[PDB]
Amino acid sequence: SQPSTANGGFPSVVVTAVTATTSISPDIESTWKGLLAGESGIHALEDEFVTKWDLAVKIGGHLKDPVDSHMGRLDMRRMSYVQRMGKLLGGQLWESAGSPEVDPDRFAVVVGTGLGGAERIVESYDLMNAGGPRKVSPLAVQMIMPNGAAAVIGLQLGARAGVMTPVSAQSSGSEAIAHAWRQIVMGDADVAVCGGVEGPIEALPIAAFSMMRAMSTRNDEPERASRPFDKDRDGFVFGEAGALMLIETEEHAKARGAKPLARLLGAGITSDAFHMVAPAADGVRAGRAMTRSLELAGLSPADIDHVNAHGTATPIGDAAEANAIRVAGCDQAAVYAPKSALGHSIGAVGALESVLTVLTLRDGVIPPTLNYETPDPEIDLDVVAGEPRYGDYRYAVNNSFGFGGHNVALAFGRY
(Lines of atoms letter the chains of each structure in order from A and count residues from 1; the text may use other names and numbers.)
(Lines give C-alpha, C1' and ligand atoms only; values in the text may rest on other atoms or scores of the structure.)
Protein backbone atom coordinates (compact mmCIF):
# COMPACT_ATOMS: atom_id res chain seq x y z
CA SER A 1 0.00 0.00 0.00
CA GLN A 2 1.08 3.55 -0.96
CA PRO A 3 2.90 5.64 1.70
CA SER A 4 1.17 8.68 3.19
CA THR A 5 1.97 10.92 6.15
CA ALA A 6 -1.08 9.69 8.09
CA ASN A 7 -0.15 5.99 7.75
CA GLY A 8 3.51 6.74 8.58
CA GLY A 9 4.88 5.67 5.20
CA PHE A 10 6.59 9.09 5.15
CA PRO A 11 8.31 10.59 8.14
CA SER A 12 6.48 13.39 9.87
CA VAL A 13 7.75 16.85 8.78
CA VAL A 14 7.30 19.97 10.90
CA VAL A 15 7.71 23.71 10.30
CA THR A 16 9.89 25.11 13.09
CA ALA A 17 10.79 28.65 12.02
CA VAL A 18 9.44 31.19 9.55
CA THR A 19 10.83 34.52 8.23
CA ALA A 20 9.37 36.98 5.71
CA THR A 21 9.94 40.55 4.57
CA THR A 22 6.78 42.31 3.24
CA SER A 23 5.18 45.64 2.23
CA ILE A 24 3.60 45.75 5.73
CA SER A 25 6.69 44.87 7.87
CA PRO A 26 10.14 43.18 7.92
CA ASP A 27 8.88 41.07 10.86
CA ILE A 28 6.48 38.22 10.02
CA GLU A 29 4.67 38.48 13.36
CA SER A 30 3.94 42.16 12.69
CA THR A 31 2.81 41.49 9.11
CA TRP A 32 0.42 38.88 10.59
CA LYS A 33 -1.00 41.23 13.25
CA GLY A 34 -1.32 43.93 10.58
CA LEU A 35 -3.16 41.55 8.29
CA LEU A 36 -5.52 40.60 11.09
CA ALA A 37 -6.20 44.35 11.68
CA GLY A 38 -7.15 44.64 8.01
CA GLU A 39 -4.07 46.65 6.97
CA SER A 40 -2.85 46.88 3.37
CA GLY A 41 0.74 47.07 2.19
CA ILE A 42 -0.29 48.71 -1.10
CA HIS A 43 0.46 52.37 -1.83
CA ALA A 44 0.99 54.79 -4.71
CA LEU A 45 4.22 54.35 -6.61
CA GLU A 46 6.12 57.48 -6.07
CA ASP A 47 6.07 59.10 -8.95
CA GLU A 48 8.66 60.61 -11.25
CA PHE A 49 9.47 56.92 -11.94
CA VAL A 50 5.93 56.57 -13.13
CA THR A 51 6.14 59.88 -15.02
CA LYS A 52 9.51 58.97 -16.55
CA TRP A 53 7.75 56.09 -18.32
CA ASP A 54 4.11 57.13 -18.06
CA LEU A 55 3.29 53.67 -16.85
CA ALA A 56 -0.35 52.65 -16.82
CA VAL A 57 0.19 51.00 -13.42
CA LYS A 58 0.93 53.56 -10.65
CA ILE A 59 0.53 51.42 -7.51
CA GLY A 60 2.33 48.62 -5.66
CA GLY A 61 3.89 47.69 -2.33
CA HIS A 62 7.58 48.24 -1.75
CA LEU A 63 9.18 46.46 1.20
CA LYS A 64 8.51 48.46 4.40
CA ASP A 65 12.17 47.87 5.20
CA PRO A 66 14.45 47.92 2.12
CA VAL A 67 16.83 44.95 1.79
CA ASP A 68 19.79 47.15 0.85
CA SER A 69 19.64 49.14 4.06
CA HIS A 70 21.16 46.01 5.63
CA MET A 71 23.80 45.62 2.89
CA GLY A 72 27.35 46.93 2.84
CA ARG A 73 29.50 48.20 -0.02
CA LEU A 74 31.03 44.74 -0.75
CA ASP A 75 27.70 42.86 -0.88
CA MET A 76 26.22 45.58 -3.17
CA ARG A 77 29.08 45.03 -5.61
CA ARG A 78 29.29 41.21 -5.25
CA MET A 79 25.67 39.92 -5.07
CA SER A 80 22.54 40.30 -7.16
CA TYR A 81 19.45 41.71 -5.43
CA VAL A 82 17.82 38.28 -4.87
CA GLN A 83 21.11 37.06 -3.39
CA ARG A 84 21.13 40.01 -0.92
CA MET A 85 17.52 39.27 -0.02
CA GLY A 86 18.35 35.59 0.38
CA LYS A 87 21.35 36.21 2.66
CA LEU A 88 19.33 38.68 4.78
CA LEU A 89 16.39 36.26 5.29
CA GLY A 90 18.56 33.15 5.69
CA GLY A 91 20.34 34.56 8.72
CA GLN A 92 17.18 35.98 10.24
CA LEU A 93 15.60 32.53 9.82
CA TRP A 94 18.62 30.78 11.37
CA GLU A 95 18.56 33.23 14.31
CA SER A 96 14.81 32.62 14.84
CA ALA A 97 15.53 28.88 14.90
CA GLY A 98 18.05 29.46 17.70
CA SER A 99 21.08 29.16 15.39
CA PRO A 100 21.03 25.33 15.52
CA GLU A 101 24.11 23.16 14.82
CA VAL A 102 22.82 20.66 12.35
CA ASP A 103 24.59 17.94 10.42
CA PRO A 104 25.54 19.78 7.21
CA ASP A 105 25.33 16.51 5.30
CA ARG A 106 21.65 16.14 6.19
CA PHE A 107 20.86 19.85 5.66
CA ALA A 108 19.32 21.02 2.33
CA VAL A 109 18.32 24.32 0.80
CA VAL A 110 15.45 24.78 -1.70
CA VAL A 111 14.67 28.34 -2.81
CA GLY A 112 12.69 29.36 -5.91
CA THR A 113 12.61 32.67 -7.83
CA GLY A 114 10.97 33.81 -11.01
CA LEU A 115 14.13 35.02 -12.82
CA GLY A 116 17.33 35.55 -10.82
CA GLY A 117 19.87 38.35 -10.95
CA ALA A 118 18.38 39.85 -14.10
CA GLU A 119 19.53 43.37 -13.28
CA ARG A 120 23.07 42.08 -13.71
CA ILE A 121 22.17 40.81 -17.17
CA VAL A 122 21.25 44.31 -18.31
CA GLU A 123 24.17 45.94 -16.44
CA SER A 124 26.67 43.52 -18.05
CA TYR A 125 25.08 44.08 -21.49
CA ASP A 126 25.43 47.87 -21.15
CA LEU A 127 29.02 47.54 -19.87
CA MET A 128 30.20 45.40 -22.79
CA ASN A 129 28.37 47.46 -25.45
CA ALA A 130 30.21 50.51 -24.09
CA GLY A 131 33.68 49.18 -23.14
CA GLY A 132 34.02 45.62 -24.45
CA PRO A 133 34.32 42.21 -22.69
CA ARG A 134 36.91 43.41 -20.16
CA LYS A 135 34.19 45.59 -18.57
CA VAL A 136 32.13 42.52 -17.60
CA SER A 137 32.71 41.45 -13.97
CA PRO A 138 34.26 38.06 -13.08
CA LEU A 139 31.26 37.87 -10.75
CA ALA A 140 28.55 38.35 -13.37
CA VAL A 141 27.70 34.71 -14.03
CA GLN A 142 27.42 33.77 -10.33
CA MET A 143 25.18 36.80 -9.74
CA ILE A 144 22.98 36.20 -12.79
CA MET A 145 22.41 32.45 -12.56
CA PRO A 146 18.84 31.82 -11.24
CA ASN A 147 20.20 29.30 -8.67
CA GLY A 148 22.31 32.18 -7.24
CA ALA A 149 20.05 32.98 -4.27
CA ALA A 150 19.66 29.34 -3.11
CA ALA A 151 23.43 28.90 -3.49
CA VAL A 152 24.27 31.95 -1.37
CA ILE A 153 21.93 30.64 1.37
CA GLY A 154 23.45 27.12 1.20
CA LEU A 155 26.93 28.61 1.41
CA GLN A 156 25.90 30.96 4.27
CA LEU A 157 24.23 28.26 6.37
CA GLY A 158 26.42 25.31 5.31
CA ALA A 159 23.92 23.04 3.53
CA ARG A 160 25.58 19.94 2.07
CA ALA A 161 22.51 17.75 1.41
CA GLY A 162 21.56 19.56 -1.79
CA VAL A 163 20.84 23.13 -2.94
CA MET A 164 17.93 23.32 -5.40
CA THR A 165 16.08 26.09 -7.29
CA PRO A 166 12.83 25.06 -8.96
CA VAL A 167 11.55 27.78 -11.33
CA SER A 168 7.84 27.78 -12.08
CA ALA A 169 7.06 31.50 -12.41
CA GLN A 170 4.45 32.49 -9.77
CA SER A 171 4.38 29.03 -8.11
CA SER A 172 8.18 28.89 -7.54
CA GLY A 173 8.07 29.68 -3.80
CA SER A 174 5.56 26.94 -3.04
CA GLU A 175 7.31 24.54 -5.39
CA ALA A 176 10.54 25.05 -3.41
CA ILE A 177 8.74 23.94 -0.23
CA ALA A 178 7.27 20.92 -2.10
CA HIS A 179 10.73 19.79 -3.14
CA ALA A 180 12.23 20.37 0.31
CA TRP A 181 9.53 18.06 1.71
CA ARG A 182 10.20 15.48 -1.01
CA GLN A 183 13.93 15.65 -0.21
CA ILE A 184 13.21 14.97 3.52
CA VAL A 185 10.61 12.21 3.07
CA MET A 186 12.77 10.45 0.48
CA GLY A 187 15.59 10.29 3.02
CA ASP A 188 18.14 12.70 1.48
CA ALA A 189 17.94 15.25 4.33
CA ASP A 190 16.46 15.64 7.81
CA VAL A 191 16.29 19.44 7.75
CA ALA A 192 15.65 22.03 4.98
CA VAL A 193 15.57 25.80 4.59
CA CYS A 194 12.98 26.52 1.87
CA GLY A 195 10.90 29.29 0.29
CA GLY A 196 11.21 32.02 -2.30
CA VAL A 197 12.84 35.32 -3.15
CA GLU A 198 12.03 37.93 -5.79
CA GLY A 199 13.36 41.23 -7.12
CA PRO A 200 11.81 44.66 -6.37
CA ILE A 201 9.17 46.63 -8.27
CA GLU A 202 10.84 48.07 -11.37
CA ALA A 203 9.71 49.62 -14.69
CA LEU A 204 10.50 46.80 -17.17
CA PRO A 205 8.76 44.18 -15.02
CA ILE A 206 5.69 46.51 -14.69
CA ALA A 207 5.69 47.11 -18.47
CA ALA A 208 6.06 43.37 -19.30
CA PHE A 209 3.16 42.19 -17.06
CA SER A 210 1.12 45.33 -17.87
CA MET A 211 1.29 44.63 -21.57
CA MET A 212 -0.42 41.30 -20.89
CA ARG A 213 -3.33 43.19 -19.24
CA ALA A 214 -2.66 41.19 -16.07
CA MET A 215 -2.36 44.10 -13.69
CA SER A 216 -4.73 46.40 -11.78
CA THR A 217 -4.89 50.05 -12.94
CA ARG A 218 -7.16 51.28 -10.09
CA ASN A 219 -4.56 53.97 -9.30
CA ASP A 220 -6.78 56.46 -7.39
CA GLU A 221 -7.34 54.06 -4.47
CA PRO A 222 -4.20 51.89 -4.14
CA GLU A 223 -5.41 49.94 -1.10
CA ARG A 224 -8.70 49.16 -2.91
CA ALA A 225 -6.99 47.89 -6.11
CA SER A 226 -6.22 44.20 -5.39
CA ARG A 227 -9.64 42.51 -5.32
CA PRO A 228 -9.36 38.72 -5.51
CA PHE A 229 -12.65 36.91 -6.08
CA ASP A 230 -14.50 40.28 -6.07
CA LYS A 231 -16.81 40.97 -9.07
CA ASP A 232 -14.99 44.29 -9.75
CA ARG A 233 -11.41 42.87 -9.82
CA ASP A 234 -9.15 44.06 -12.65
CA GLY A 235 -5.86 42.15 -12.32
CA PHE A 236 -2.99 41.75 -9.87
CA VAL A 237 -1.02 44.29 -7.82
CA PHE A 238 2.77 44.00 -7.22
CA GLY A 239 3.67 43.74 -3.57
CA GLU A 240 7.29 43.03 -2.70
CA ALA A 241 8.26 40.04 -0.52
CA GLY A 242 10.66 37.18 0.23
CA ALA A 243 9.97 34.37 2.69
CA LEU A 244 11.73 31.27 4.06
CA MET A 245 10.74 28.52 6.46
CA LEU A 246 12.74 25.91 8.29
CA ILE A 247 11.32 22.41 7.98
CA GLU A 248 12.63 19.21 9.63
CA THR A 249 11.60 15.69 10.64
CA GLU A 250 9.59 15.74 13.92
CA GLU A 251 12.31 13.51 15.41
CA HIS A 252 14.97 16.09 14.48
CA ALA A 253 12.93 18.95 15.96
CA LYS A 254 12.34 16.94 19.17
CA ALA A 255 16.06 16.16 19.61
CA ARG A 256 17.03 19.87 19.65
CA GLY A 257 14.00 21.17 21.54
CA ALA A 258 12.40 23.10 18.64
CA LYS A 259 8.69 23.78 19.04
CA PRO A 260 6.80 23.20 15.73
CA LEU A 261 4.53 25.89 14.24
CA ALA A 262 2.74 23.43 11.94
CA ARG A 263 3.04 20.15 10.07
CA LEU A 264 3.95 19.94 6.41
CA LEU A 265 1.95 16.86 5.39
CA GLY A 266 2.15 16.56 1.61
CA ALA A 267 2.52 18.28 -1.73
CA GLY A 268 1.03 17.97 -5.21
CA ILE A 269 2.43 19.21 -8.51
CA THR A 270 0.56 18.92 -11.81
CA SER A 271 0.38 20.94 -15.05
CA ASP A 272 -2.45 22.19 -17.31
CA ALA A 273 -1.11 21.67 -20.89
CA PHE A 274 -3.59 24.42 -21.77
CA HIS A 275 -1.97 27.80 -22.45
CA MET A 276 1.31 29.56 -21.51
CA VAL A 277 -0.28 32.50 -19.66
CA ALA A 278 -3.96 31.54 -19.05
CA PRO A 279 -5.02 28.83 -16.59
CA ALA A 280 -7.27 26.01 -17.75
CA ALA A 281 -10.78 27.43 -17.20
CA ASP A 282 -12.04 24.05 -15.94
CA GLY A 283 -9.59 23.99 -13.01
CA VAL A 284 -9.25 20.19 -13.41
CA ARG A 285 -5.46 19.74 -13.33
CA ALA A 286 -5.17 22.51 -10.70
CA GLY A 287 -7.68 20.68 -8.47
CA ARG A 288 -5.79 17.42 -8.94
CA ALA A 289 -2.66 19.12 -7.47
CA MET A 290 -4.74 19.77 -4.33
CA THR A 291 -6.02 16.16 -4.44
CA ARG A 292 -2.46 14.76 -4.78
CA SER A 293 -1.38 16.73 -1.72
CA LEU A 294 -4.23 15.08 0.22
CA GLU A 295 -3.33 11.62 -1.07
CA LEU A 296 0.22 12.09 0.19
CA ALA A 297 -0.92 13.66 3.47
CA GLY A 298 -3.45 10.88 4.05
CA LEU A 299 -6.38 13.31 4.11
CA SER A 300 -9.77 13.52 2.46
CA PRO A 301 -11.19 16.70 0.90
CA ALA A 302 -13.74 16.82 3.75
CA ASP A 303 -10.77 17.25 6.18
CA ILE A 304 -9.76 20.59 4.65
CA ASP A 305 -10.87 23.47 6.88
CA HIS A 306 -9.06 26.26 5.03
CA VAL A 307 -7.67 27.05 1.57
CA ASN A 308 -5.11 29.82 1.19
CA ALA A 309 -5.89 30.81 -2.39
CA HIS A 310 -3.41 31.95 -5.04
CA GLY A 311 -6.11 34.49 -5.86
CA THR A 312 -4.33 37.01 -8.09
CA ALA A 313 -7.46 39.14 -8.80
CA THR A 314 -7.32 38.61 -12.56
CA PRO A 315 -10.71 37.87 -14.12
CA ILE A 316 -9.91 34.44 -15.60
CA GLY A 317 -7.39 33.57 -12.86
CA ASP A 318 -9.71 33.66 -9.84
CA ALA A 319 -12.43 31.88 -11.82
CA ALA A 320 -10.25 28.92 -12.84
CA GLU A 321 -9.11 28.62 -9.23
CA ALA A 322 -12.72 28.57 -7.95
CA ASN A 323 -13.33 25.69 -10.35
CA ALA A 324 -10.11 24.01 -9.11
CA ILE A 325 -11.28 24.16 -5.49
CA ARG A 326 -14.67 22.63 -6.45
CA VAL A 327 -12.87 19.91 -8.44
CA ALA A 328 -10.79 19.15 -5.32
CA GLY A 329 -13.87 18.71 -3.08
CA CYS A 330 -12.55 21.64 -1.11
CA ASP A 331 -15.12 24.39 -1.85
CA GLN A 332 -16.67 24.34 1.62
CA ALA A 333 -13.39 25.42 3.29
CA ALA A 334 -12.85 28.99 4.47
CA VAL A 335 -10.83 30.75 1.74
CA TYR A 336 -8.25 33.51 2.23
CA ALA A 337 -6.62 35.47 -0.63
CA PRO A 338 -3.61 37.36 0.87
CA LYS A 339 -2.72 39.19 -2.37
CA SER A 340 -5.72 41.47 -1.48
CA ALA A 341 -3.46 42.99 1.23
CA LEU A 342 0.15 42.00 0.36
CA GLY A 343 0.01 42.00 -3.43
CA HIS A 344 1.93 39.63 -5.74
CA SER A 345 5.63 38.86 -5.30
CA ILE A 346 5.81 36.42 -8.21
CA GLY A 347 8.58 33.87 -7.37
CA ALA A 348 8.40 34.56 -3.63
CA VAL A 349 4.64 34.68 -3.21
CA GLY A 350 3.99 30.95 -2.76
CA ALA A 351 6.54 30.80 0.02
CA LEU A 352 5.00 33.86 1.71
CA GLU A 353 1.49 32.40 1.57
CA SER A 354 2.78 29.05 2.92
CA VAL A 355 4.02 30.91 6.01
CA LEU A 356 0.62 32.62 6.27
CA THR A 357 -1.06 29.20 6.03
CA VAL A 358 1.15 28.00 8.93
CA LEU A 359 0.24 31.05 11.03
CA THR A 360 -3.45 30.42 10.35
CA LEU A 361 -3.09 26.86 11.64
CA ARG A 362 -0.93 27.96 14.60
CA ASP A 363 -3.30 30.74 15.66
CA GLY A 364 -6.75 29.45 14.63
CA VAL A 365 -7.52 32.63 12.70
CA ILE A 366 -7.86 33.73 9.06
CA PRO A 367 -7.46 37.48 8.26
CA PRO A 368 -10.08 39.23 6.12
CA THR A 369 -9.62 39.17 2.35
CA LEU A 370 -9.50 42.93 1.66
CA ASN A 371 -11.71 44.53 -0.98
CA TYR A 372 -14.18 41.64 -1.16
CA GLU A 373 -17.49 43.55 -1.47
CA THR A 374 -19.47 42.17 -4.41
CA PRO A 375 -19.67 38.35 -4.57
CA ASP A 376 -19.17 36.89 -8.09
CA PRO A 377 -21.74 34.17 -8.93
CA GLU A 378 -19.09 32.35 -10.92
CA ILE A 379 -16.96 32.35 -7.74
CA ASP A 380 -19.05 30.38 -5.35
CA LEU A 381 -16.52 30.30 -2.48
CA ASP A 382 -16.59 30.95 1.29
CA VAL A 383 -14.25 33.91 1.02
CA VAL A 384 -13.25 35.27 4.44
CA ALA A 385 -14.06 38.99 4.46
CA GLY A 386 -14.94 41.88 6.76
CA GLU A 387 -13.44 40.61 10.01
CA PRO A 388 -11.06 37.71 10.69
CA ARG A 389 -12.51 34.26 10.91
CA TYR A 390 -11.69 32.28 14.06
CA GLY A 391 -11.95 28.51 14.06
CA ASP A 392 -10.28 25.25 14.99
CA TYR A 393 -8.36 24.92 11.72
CA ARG A 394 -6.75 21.53 11.68
CA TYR A 395 -5.93 21.02 7.94
CA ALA A 396 -5.22 23.55 5.17
CA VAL A 397 -4.12 23.68 1.53
CA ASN A 398 -1.92 26.47 0.19
CA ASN A 399 -2.38 26.84 -3.60
CA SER A 400 0.07 28.44 -6.06
CA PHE A 401 -0.04 28.58 -9.87
CA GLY A 402 2.39 29.83 -12.49
CA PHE A 403 2.70 30.92 -16.13
CA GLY A 404 3.61 27.75 -18.06
CA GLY A 405 0.58 26.02 -16.52
CA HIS A 406 2.16 25.04 -13.20
CA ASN A 407 -0.03 23.90 -10.30
CA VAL A 408 1.38 23.50 -6.76
CA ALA A 409 -0.61 22.62 -3.63
CA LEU A 410 0.79 22.23 -0.11
CA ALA A 411 -1.17 20.35 2.57
CA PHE A 412 -0.37 21.72 6.05
CA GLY A 413 -1.60 20.56 9.48
CA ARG A 414 -1.96 22.17 12.86
CA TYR A 415 0.69 20.81 15.21
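So that there is no doubt, residue numbering starts at 1 and follows the sequence shown.
- When the C-alpha B-factors of 175-183 and 249-257 are averaged, 249-257 comes out higher.
- Relative to its counterpart among 45-53 and 355-363, 45-53 has the higher mean temperature factor, C-alpha atoms as listed in the PDB entry.
- Considering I59, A348, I28, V384 together, the PDB entry gives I28 the largest C-alpha B factor.
- By the numbers in the PDB entry, the CA B factor is greatest at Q142 among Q142, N323, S271, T165.
- Annotation for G317: C-alpha temperature factor in the middle third relative to the rest of the modelled chain, per the entry.
- Annotation for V397: C-alpha temperature factor in the highest third relative to the rest of the modelled chain, per the entry.
- Among the modelled residues of its chain, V14 has a C-alpha B-factor that falls in the highest third according to the deposited record.
- Among the modelled residues of its chain, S99 has a C-alpha B-factor that falls in the highest third, as given in the PDB entry.
- Sorting the modelled residues of the chain by their CA temperature factor places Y372 in the middle third.
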